[PDB]
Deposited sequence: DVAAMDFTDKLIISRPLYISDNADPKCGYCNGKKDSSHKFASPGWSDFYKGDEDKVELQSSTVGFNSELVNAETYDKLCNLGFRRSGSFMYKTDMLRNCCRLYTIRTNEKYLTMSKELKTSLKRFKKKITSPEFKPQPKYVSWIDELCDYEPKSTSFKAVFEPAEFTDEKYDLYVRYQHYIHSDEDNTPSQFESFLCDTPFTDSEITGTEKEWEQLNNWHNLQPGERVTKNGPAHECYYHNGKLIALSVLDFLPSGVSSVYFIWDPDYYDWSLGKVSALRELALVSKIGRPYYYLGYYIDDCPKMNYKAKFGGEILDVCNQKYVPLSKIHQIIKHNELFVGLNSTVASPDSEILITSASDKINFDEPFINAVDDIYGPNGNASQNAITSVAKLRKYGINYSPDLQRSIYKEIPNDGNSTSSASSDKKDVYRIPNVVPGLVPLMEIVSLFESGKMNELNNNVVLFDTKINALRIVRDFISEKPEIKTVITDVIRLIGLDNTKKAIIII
């Protein structure tokens, strides 16, 4: 009698770290000393010795077999992104590049000369001279929603996120045009952009639901669309597929997964046009945010997302700050951890589950990164003490006793570092245990116990084997206690 449409079905978490040269495709392991470290305190720790540090690229995450749109919305707002069915994030303390989750909307959008030009050229490419413009347009959104549906040469169509040979061929051509002529197999395209982990209703939908979404240009204020889940938006120019947008519809807005286009159409600036159309779509369907993925201030292929404005997730506070308020202090690849300036100096990682006095980015605030996560910050020692306290509950963690977070020139993939920004701090995990809150897992969390090859509801968490309790605790670190209560964890 299990309701699988209310479940997050996941594999045990993985922590994957290796040299950023060559594993990081954003920086290739090449940074100036001024951008190399996560904070000024770590820069100072390595002053004159920056060459002894080998930058690593590190992610943490879990494979999903089943997720619904509301849960994926929560995961995006925790800082995760899906790569096919794999939900991941970087370790922002240790990673070579500082990746921030960004979201925006037409409110934050400040239409620049460049962007206006891309729309003006798009209108001209697709509009017949017979087109008669309306006397006035309140905004560029109403203008686009007038001329685009009247074009006879250009049509965009939303449909299920399913593989076709014609989409794959377009993918291969786009990937070759950016740097990828290898690792371009049909299977890789299918897993990355098709074959999603969502519920069957969210993938297939209904004929009416797709019809409704495909008339989005004519939605009136206050109307909505029922669509949630993954979609493809196919761009056709005289019947030829010239671009493909892969999009996830969430209760809070639309997430761009990827966008490919026919290299012959370089003159159409389809990257910009598609982003603006998706900003218009978000506005027309009455949802609040457009998610472009990760923002990296020092990477041009990722910092273009700032042209569309918006706010950045501070994963330690679980709150967004406008990018304009912090751009000046993240422009050397720093980690930002917000602290209202009126708040005492922090002797610990910020509490994520016991989050009463949430930061207010409207009041004055500072970057507390070095007080918490610097070389003389409190996080590491608090986490070592917490590892020892968690032993009595049968949690098989080991203390991270190295002096530095960075690898120096003189691997268990199930071992997460004690200290990772945005994961529940180990000191808070101790609090959950001491207060009895971990027993809220009982009668809630489900295991797919691969020995029995059967589902079972956890009834007495503390009497489970330590291997199991450790895995569950790492899922809690990643997604929090309340989301874990709706998980099925494969072990």
Checking coverage: what stretches of the deposited chain sequence are missing C-alpha positions? 1-3, 414-426
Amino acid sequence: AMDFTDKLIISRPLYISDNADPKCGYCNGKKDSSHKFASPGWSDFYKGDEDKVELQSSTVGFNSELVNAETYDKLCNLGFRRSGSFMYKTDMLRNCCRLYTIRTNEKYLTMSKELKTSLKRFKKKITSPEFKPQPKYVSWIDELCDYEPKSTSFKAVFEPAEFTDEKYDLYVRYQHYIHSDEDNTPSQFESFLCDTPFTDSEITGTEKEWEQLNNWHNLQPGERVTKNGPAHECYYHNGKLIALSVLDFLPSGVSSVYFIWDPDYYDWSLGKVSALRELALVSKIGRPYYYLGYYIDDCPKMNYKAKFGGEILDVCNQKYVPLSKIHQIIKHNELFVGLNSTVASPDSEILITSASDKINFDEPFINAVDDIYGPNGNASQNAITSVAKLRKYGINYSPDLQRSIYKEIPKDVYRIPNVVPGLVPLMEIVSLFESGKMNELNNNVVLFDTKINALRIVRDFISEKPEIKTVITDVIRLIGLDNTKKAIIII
From here on, numbers count along this sequence of modelled residues.
Counting only other entries where the flanking residues are modelled, do a third or more lack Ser354? yes
Could you tell me whether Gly84 lacks coordinates in at least a third of the other compared entries whose models cover its neighbours on both sides? no
Residue range whose averaged C-alpha B-factor is higher in the record, 5-13 or 472-480: 5-13
Higher-B stretch (mean Cα B-factor, as the entry records it), 119-127 or 277-285: 119-127
Could you tell me which one of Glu166, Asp357, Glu159, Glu349 shows the highest CA temperature factor in the PDB record? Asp357
Highest CA temperature factor in the entry: which of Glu311, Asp298, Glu114, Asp371? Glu114
Third of chain Cα B-factors occupied by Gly41: middle
Report the third (lowest, middle or highest) to which the CA temperature factor of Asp51 belongs, ranking only the modelled residues of the same chain. highest
Comparing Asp460 with the other modelled residues of its chain, is its CA B-factor in the lowest, middle or highest third? middle
Would the CA B-factor of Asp449 place it in the lowest, middle or highest third of its chain? highest
Quick check on the deposited entry: does the C-alpha B-factor of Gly338 sit in the lowest, middle or highest third of its chain? middle
